[PDB]
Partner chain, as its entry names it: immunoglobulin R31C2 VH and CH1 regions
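Just the one chain here, the form deposited without its partner chain, laid out as structure tokens.
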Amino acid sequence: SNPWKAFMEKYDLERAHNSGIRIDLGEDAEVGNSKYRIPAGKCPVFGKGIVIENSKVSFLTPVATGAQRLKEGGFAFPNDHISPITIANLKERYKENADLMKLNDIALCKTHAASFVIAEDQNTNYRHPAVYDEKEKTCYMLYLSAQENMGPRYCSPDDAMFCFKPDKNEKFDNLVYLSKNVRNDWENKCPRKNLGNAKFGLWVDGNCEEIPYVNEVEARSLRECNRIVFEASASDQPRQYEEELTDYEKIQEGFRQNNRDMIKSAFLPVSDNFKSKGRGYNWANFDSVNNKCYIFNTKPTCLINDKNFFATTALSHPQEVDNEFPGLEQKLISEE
């Protein structure tokens, strides 16, 4: 009988998250004529952002408009004043909604972004993803659901181009990448902090054993190990994915022309086998002393108390640590 069973439910990311992490495109959504995939993840992704190649422009900057080339803007809404919105203004806006007033900041931000529809559209399941900036208490609505455009035709050393990749780096620490499906009760159902003095294990015959199969990768810090596991996690799109028909000029035209459907579907792949459903190398045990990152793809079912280690996941914050090792395995002993 496993004492860890309920505690470990939040580390069952196939069930907890149920979509891609590095690239989340787990749900089919109609945009105009065609069917595309959009983020479907039920867990927030802490520390994740989109990096635009050869651009100093943040992806949180609004999408290009008018004269601006694609590379002069980001992925966000260009502004009813709905994005970027602060949590103060958010709380103010929905003060009459009881249910929304019981939501935490991250859930409120996601709820706000996922609420906006075009009435004159044939009520689709498409909704905009979000990015919550915890430091600034600001909620961004993303115009683009697309997470990576790194294909070797256009996105190899050869300016009218718009190449981008998902990434975890210091500039993104306080960001939370949010799909329209992020759980309101994510705080109890999803990971956030790295578990200090802990390593994930597998409950076998009344004891917490090591993960049977792992991939050792060199990592010099907690940040580095957390980045490795994100980079190896469940992905809904293969690396270097590219479509032949992709026309940057038509796309850039659609943006300058404020064509909502073209902007919305920009760089999105068009099948069910491309969906990870949460399966992948999502967990890692970082050995802070020997500088090793042991990534694995089978869900952990217990924790081992080991002061040399940290238990991280692809969803987890790049730095935040919970050093409180759970005592749920400690037994009552008698003085007698």
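Rigid core: the largest C-alpha set superposing within 1.5 Å between the two forms. Only residues modelled in both forms are compared. Numbering follows the first chain given and starts at 1.
Keep in mind that the form solved in complex with its partner chain is missing from the display, and what follows is about it.
Asks: Pick from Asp133, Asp261, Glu224, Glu210: which has a non-hydrogen atom within 4.5 Å of its partner chain in the entry with it bound?
Replies: Exactly one listed residue reaches within 4.5 Å, namely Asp261.
Asks: Considering non-hydrogen atoms and a 4.5 Å limit, which listed residue (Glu243, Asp173, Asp121, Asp105) is close to its partner chain in the entry with it bound?
Replies: The residue in contact is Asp121.
Asks: Within 4.5 Å of its partner chain in the entry with it bound, counting heavy atoms only, one of 160 to 168, 175 to 183, 189 to 197, 70 to 78 shows up; tell me which.
Replies: Selected range: 70 to 78.
Asks: Please check if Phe116 has a heavy atom lying within 4.5 Å of any heavy atom of its partner chain in the entry with it bound.
Replies: Residue-level check for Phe116: yes, a contact with its partner chain.
Asks: Classify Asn33 as contacting or not contacting its partner chain in the entry with it bound by the rule of any non-hydrogen atom within 4.5 angstroms, answering yes or no.
Replies: Yes - in the entry with it bound, heavy atoms of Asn33 and its partner chain come within 4.5 Å of each other.
Asks: My question is simply whether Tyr143 lines the interface with its partner chain in the entry with it bound - judged by any non-hydrogen atom within 4.5 Å.
Replies: Output for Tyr143 is yes: heavy atoms within 4.5 Å of its partner chain.
Asks: Can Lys110 be called a contact residue for its partner chain in the entry with it bound at 4.5 Å between heavy atoms?
Replies: Although its partner chain is absent here, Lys110 would stay clear of it in the entry with it bound, with no heavy atoms inside 4.5 Å.
Asks: If you fit the rigid core and then compare C-alpha positions between the shown form and the other one, only one of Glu224, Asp173, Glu72, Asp121 moves by 2 Å or more. Name it.
Replies: After core superposition, the one over threshold is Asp121.
Asks: Closer or farther: how do the CA atoms of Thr61 and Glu120 lie in the entry with it bound, compared with the form shown, if the change is at least 3 Å?
Replies: Farther apart, which means the C-alphas of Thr61 and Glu120 are at least 3 Å more distant in the entry with it bound.
Asks: Answer with closer or farther for the CA-CA spacing of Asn181 and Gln122 in the entry with it bound compared to the shown form; it moves by 3 Å or more.
Replies: Distance between the C-alphas of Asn181 and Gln122: shorter in the entry with it bound, by 3 Å or more.
Asks: Only counting residues present in both forms, give the runs of 3 or more in a row whose C-alpha shift is 2 Å or more between the shown form and the other one, core aligned.
Replies: Listed in sequence order, the moving runs between the shown form and the other one are 118 to 123, 152 to 154, 156 to 158.
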